[PDB]
Amino acid sequence: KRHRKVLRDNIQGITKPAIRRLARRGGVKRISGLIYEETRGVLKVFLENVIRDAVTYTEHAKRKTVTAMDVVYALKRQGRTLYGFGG
Amino acid sequence: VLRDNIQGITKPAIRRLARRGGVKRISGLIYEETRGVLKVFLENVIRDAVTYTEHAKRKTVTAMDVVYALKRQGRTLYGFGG
Amino acid sequence: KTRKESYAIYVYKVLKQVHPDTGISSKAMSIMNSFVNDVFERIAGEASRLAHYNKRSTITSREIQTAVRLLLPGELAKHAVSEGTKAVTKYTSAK
Amino acid sequence: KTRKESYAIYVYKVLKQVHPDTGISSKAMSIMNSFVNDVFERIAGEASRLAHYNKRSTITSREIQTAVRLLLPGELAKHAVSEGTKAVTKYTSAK
Amino acid sequence: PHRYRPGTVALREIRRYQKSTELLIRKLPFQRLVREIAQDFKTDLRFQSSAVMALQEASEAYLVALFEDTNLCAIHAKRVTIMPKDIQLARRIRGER
Amino acid sequence: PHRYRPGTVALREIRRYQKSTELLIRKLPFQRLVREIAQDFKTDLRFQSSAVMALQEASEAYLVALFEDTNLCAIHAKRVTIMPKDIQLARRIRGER
Amino acid sequence: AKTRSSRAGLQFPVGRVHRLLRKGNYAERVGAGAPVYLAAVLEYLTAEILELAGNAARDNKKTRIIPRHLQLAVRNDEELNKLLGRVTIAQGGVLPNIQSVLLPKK
Amino acid sequence: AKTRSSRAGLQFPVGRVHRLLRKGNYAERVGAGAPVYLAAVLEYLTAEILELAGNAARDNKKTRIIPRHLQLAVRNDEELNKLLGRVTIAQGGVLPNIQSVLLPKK
DNA sequence: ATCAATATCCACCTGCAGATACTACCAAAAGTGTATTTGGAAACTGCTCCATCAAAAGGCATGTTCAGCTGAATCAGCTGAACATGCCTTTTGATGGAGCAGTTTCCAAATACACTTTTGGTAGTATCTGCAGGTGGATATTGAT
DNA sequence: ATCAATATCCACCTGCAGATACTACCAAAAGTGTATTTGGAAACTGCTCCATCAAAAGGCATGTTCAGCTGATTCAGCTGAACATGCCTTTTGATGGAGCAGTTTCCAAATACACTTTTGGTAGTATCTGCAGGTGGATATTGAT
Ligand SMILES: [Mg+2]
C-alpha cells in the first residue's frame, strides 16, 4: 500500500440532526443545545469500551481483521448482548 | 396486637438506612414504599436460594444457597463463603 | 467451504406448526438463531454451576430443570418445565 | 470432619510481607477469601470463553493474560500482567 | 428550654451512621419477614444463622444504595425531601421496572 | 405563509421514528469514527463490514434507550427539555459511574 | 432406525443438543435426559416467540416475520421482555410510547 | 521436592490453582504456566488490597484489619472500586459523603 | 364554530431482491450395538447447630408543636423549534489483492498412572492481646437572647 | 455580641472475645519419576471479501424569526423534624432434637470403541413472490381567525 489517509475529528460526523433523530426515537420532544456535545462524548466512551474489547479478541486470535464475532463477544461481556450478527 | 411482619421493618429502622445513604429529610409515604421495595428484593433472592435448597434435597437454606442467589441476581456478597 | 450449522430448519418446522402461512426473513431467522444459542448457553451455564455447587460431575435433566426455574420467569418457567418433563418421560418410555 | 480449604494462609503470608505488624479479623479474612475465589472464577471464566471462541482445547497463560486484560481496569491490568509474565519467566528458568 | 432545629439531628445521624457498619434493622423482625416470604416457596424450611445474616447484609446494602440514588433524584428535582417518585425513578432507571 | 407551533413537528418525528427501524446515523461517518477509535488502540486493522454494522446497531440502541432514561429525568424535574444534567443523572443511576 | 427427537416427540434436534453440551465443557458427564429436556425447553420458547411474532406480522398485514415483529412480540410480553431484558434485537426499533406531559393542550 | 510456588517465587499455591482449574470444566486441557500466571495475578491483587486496607487501619489507629478497612480501601481507589463495582463487602458500611446542598447555610 | 394549508392515509401497481425450490452429493454427523467403568442414590447414624423459650435489656410508638420546605402563581428574558435556502457529502455499483481460513506433517507439551513426600486443615489444649466500652474533664457547636 | 445546653473530643484503664500459637496426625493433596496421547504453530495455497478507487441520490449547514419554556421571585400553607419515657418487643442465653453431613455400598447409567446409516449443509442453476417504493386520489390534522 502507498499512503494512508489521516483520520481526525470524525466524532463530528455524528451530526446535530442524526442526534435529534435518536432523541426522537427515544421519545424526546425538546432538546437543549448542549445535548449534542454531551451525546458525542457519551458515544465516544461507549465505542472505546466496546472496540477495546473487540480488538483485544481480534489480537488474541492473531488476526488483523475485526470480525462481527469479535464485536458480538465484546458486547456480550459488557452486558449489551446483540442478536442478528452471529451469536 | 395482631400485625403483619413487614411492619416490623419500622419507621426508625428505615430512617436509619436512609441516613446511612445521606438522606436528610423524608416524606411520610416513603416508609410504605420502602417496605414494598424490600419485599420484592427478598422475594427474588429467597425464591432463588430456596430453589438451590430444593435442588440439594435439603430442608435448610444454607448461607451458600443465599450467596449463590445473590451472585446470579448481580448482587455478589463477600464474607459468607464461596 | 466449512459447514456452518444453525437451528434454522427446526425454527422453521416450529414456525409452520404455529403459523402455517407465515414466512420468516433471513435476518429474523438470524435473531431466532441467536436467541436459541443464547438461552442454550444460559441454561447450560446455570446447570454447570449448580452441578459444581453440589459436587456432582454429571448434568442430568434434573440439573437442567433447576436451571430453567432459576433462569426463566414465572409462567414461562412453569410451562417450559411441563414440556421438558413431558419429553423426558416420553423419551424413557420410548424403548 | 471433611477438610475445608481456603486461601486464608496465603492471604496471611502476603499480609505479613505487605504489613508485618498488621493483623486481620475473621470476617475480614473471609472477605479476602471470597475476593480470591471471585476473581479466580471471573478470570478462568473469561479464559474458558476465549479458548472456545478460538476452537482450542487448552487454557494457557495467553488466555489468562487476555482474560486479565478484558477483566481488569487499566493500571491494575498492566501491573497484574507484568506480575504474571514475571512469575512465568522465573518459573521456566528455575530447574 | 432548648430545642434542635429541623435537620440538625438529621445531619448528626448521617455522620453517625456513615461512620459505622452495624446493621440498622432489628434482627428478629427481619428474620420473621424472611421466613414468611420463604413459606410461599416451600413449607417446613429452616435457615442457617449465617443465611439469614447474609440476607440482611445484602438487603441493607441494597436499600442504603437505593437511598443514595433516590436522594440524587430528589436533588435533581430541586428538593431535599425524598419521595416515592424519587424511589420510582431510580428503580426505573436501574432497570428494575 | 404558514407555520406549525413549536412541538408539533417534534411529536410528528417521535411518531415517525418510533414506527420505523432504520439506523439514524449516516453509515460512512459512523464508519470513520469506528476506524479512528480502533486505530488509536491498534494500527493496520481492518473490519468486516458486518462488524461495523453490529457496532452501529448496538450504539444506536444504546443511545435511544439512554434518551428515554434522560427524558424521564427531565420530566422528573418538571421540564420537557432534556439537558446534560439529565444525561448525567441517568448514567450515574445506571452505574455507568 | 429412529431418532431421539422422534422418540421424545420433538422437532428440535436432541443429538445436536447432546453434542453441544459435551463440547461446551459444562461438566464431566452429560446424562441422557438432559439434552432431551433442554431441547424441549428450547422448542417451547421458540414456539412462544414465533406465535407472538406471527401475530405482529399479521397485525401489519405481512406474511413474512421480520425483526421488527420479533421486537414487538418480545417487548409487548412481560415475561419475554424480562428474559431478554439485556438483549438487543438488531433492526427491531422501539415500542411507540410518548410520555403524557409531552402531548398538546391540558 | 520443591513447590511450584517457590520455583515461581510466589506465596500463592500454584498447585492448588492448577487443580482448581482442571476440576472447573474451564477447558479439556490446561497448560503448565496458566496456573503460575493466574496465581501471581491473585497474589498481586491480594497485596494491593491488603496494602491499602492496612493503610486504612493505620489511619483509624488500628493494627487488626476489619471489613470496614477493606471497604474504605476498595471504594477510595477508582480501579479497585470498578472491579468490585457489583460486589458488597459484608460489614463495610459506606464512605462518609453528604451532598453539598444538604449542608446548613454559613 | 369557518377556511385552507399541509400532512396522512388509503389503494393499486410493478420490478426485482431475496426467498422458497430441487437435484446432485457427501462428510460429518447421529444412530446402533457390545464391552467396561463408576457416580451417586440409598441407607444407617453421629453430632452439630437450629427452633424454642424464659429472663434480662432497651429501643420505639405515641401526639404535640411549628420551622422551614414544597409547590402554586406570576413573569421576563431568551433558548430552541420551525423553516427557507444553497449545496457538500453520502450513497450506490463496479474493479484490484491482503489475509483468512482450510489442509497436513511432526514434535513439544499435556495427560495418565502409580509412587513417595509434605503441607495444610483440625483439634486439642492452652496461650495471648487489641480494643470496645466505660470514666473525667477540656473544648466545640448550636441555639437562644 | 453573651451565655448555656449539650454534643464531641481525647486520654487512660481494663476484662475477654477473638485473636495468634502449637503439635499431633494423618490423611489427602502436591510433587516426583515412567509411558501415552494429543494439540496446535509452520509451511503452504485456494479464494473470500476488504480496501480503494469513479457517478448519482438527498440530507446537512446556516441565518432568521418568535413561541413558549425555563428558572427566578415570592409566598401561603402543609407536613415532616424534633421532642420525653413508660411500655412492649427484641436480645441474650439455656437446652432438647431435626437434620445435615460423613461413610460405605453396589448398580443403573455413562463412557468408550467400531461399523452402519442418516442427514443436515452447499452448490449449481433454476423458478417463484412478498412487498418496497412509485403514483395519484380521498380524508385527517392543525392553526389562523
Ligand atoms: Mg488517531
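Residues numbered from 1 in each chain as written, not as in the entry; some residues may be left out. Chains lettered and ligands numbered in written order. Heavy atoms only, no water.

Listed in the archive, the entry goes by the title "Nucleosome core particle with an adduct of a binuclear RAPTA (Ru-arene-phosphaadamantane) compound having an ethylenediamine linker".

As recorded in the PDB entry, chain A goes by the name Histone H4, listed as coming from Xenopus laevis. Listed in UniProt under the heading Sequence similarities, the comment for chain A reads: "Belongs to the histone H4 family." (UniProt positions renumbered as here; feature names shortened; annotations may be inferred.)

**Student:** Go over the overall build of chain A with me, naming the residues and quoting the values.
**Tutor:** Scanning chain A from terminus to terminus reveals three helices and three strands. Each helix and strand of chain A, ordered N terminal to C terminal, gives the series α-β-α-β-α-β. Relative to a compact globule of 87 residues, whose C-alpha radius of gyration would be 12 Å, chain A shows 16 Å and is clearly more extended. Its C-alpha atoms give chain A principal-axis dimensions of about 45 × 35 × 20 Å. Split into buried and exposed, the 87 residues of chain A put 54% on the buried side. Taking the intrachain contacts of chain A between residues at least 6 apart in sequence as the baseline, contacts between residues at least 24 apart amount to 30%. Accessible surface for chain A amounts to roughly 4100 Å². Of this, 49% is attributable to carbon and sulfur atoms. Mean positive and mean negative side-chain charge positions of chain A (21 and 7 charges, respectively) differ by 7 Å. (Helix = DSSP H or I, 4+ residues; strand = E, 2+ residues; numbered from the N terminus. Rg over C-alpha atoms; globule rule 2.2 N^0.38 Å. Buried < 20%, exposed > 50% of the residue type's maximum accessible area, 1.4 Å probe, protein only. Contact = heavy atoms within 4.5 Å. Areas by Shrake-Rupley, 256 points an atom, 1.4 Å probe, with all protein chains shown as cover. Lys, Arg positive; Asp, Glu negative; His and termini not counted. Charge placed at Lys NZ, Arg CZ, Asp CG, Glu CD.)

**Student:** So what's going on with the overall build of chain G? Which residues, and what values?
**Tutor:** Of the regular secondary structure elements, chain G holds five helices and three strands. When the helices and strands of chain G are listed from N to C terminus, the series reads α-α-β-α-β-α-α-β. The C-alpha radius of gyration computed for chain G amounts to 19 Å, which surpasses the reference 13 Å derived for 106 residues by more than 25%, pointing to a less compact arrangement than a globule. In terms of its C-alpha atoms, chain G occupies a principal-axis envelope of roughly 70 × 30 × 20 Å. Here the contacts in chain G between residues at least 6 apart in sequence split such that 32% fall between residues at least 24 apart. Carbon and sulfur atoms form 46% of the exposed surface of chain G, whose accessible area is close to 5300 Å². Mean positive and mean negative side-chain charge positions of chain G (18 and 8 charges, respectively) differ by 8 Å.

**Student:** Describe the interface of chain C and chain G, naming the residues involved and giving the relevant values.
**Tutor:** Taken together, the contact between chain C and chain G spans 58 residues of the former and 54 residues of the latter. Carbon and sulfur atoms supply 72% of the area that chain C and chain G bury against each other, a total of about 5000 Å² over both sides. Its largest share of buried area at the contact with chain G, chain C owes to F40(C), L76(C) and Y91(C), together 14% of the area lost on that side. For the pair chain C and chain G, the interface holds two salt bridges. (Buried area = accessible area lost by both parts, 1.4 Å probe. Salt bridge = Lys/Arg side-chain N within 4 Å of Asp/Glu carboxyl O.)

**Student:** Before we move on, could you go through the packing of aromatic side chains and cite the residues and values that matter?
**Tutor:** For the structure on display, the rule yields 15 aromatic pairs over all chains. With centroids separated by 3.5 Å and ring planes inclined at 10 degrees, the aromatic side chains of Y73(A) and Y53(D) adopt a geometry described as stacked. Separated into two different chains, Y73(A) in helix 3 (residues 68-77) and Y53(D) in helix 2 (residues 26-53) make up a pair that spans both. Geometrically, the ring pair formed by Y10(C) and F12(G) is tilted, given 6.1 Å between the ring centres and 45 degrees between the ring planes. Note that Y10(C) is positioned in helix 1 (residues 8-18) and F12(G) in the loop between helix 1 (4-8) and helix 2 (14-23), a pairing that runs across two chains. (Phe/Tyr/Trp six-rings, centres within 6.5 Å; stacked < 30°, edge-to-face > 60°.)

**Student:** Lay out helix 2 (residues 14-22) of chain H in plain terms, naming residues and giving numbers.
**Tutor:** Burial in helix 2 of chain H covers these residues: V14(H), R16(H), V17(H), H18(H) and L21(H). In this structure, the buried residues of helix 2 of chain H make contact with helix 1 (8-18) and helix 2 of chain D together with helix 1 (4-8), strand 1 (29-30) and helix 3 (34-59) of chain H.

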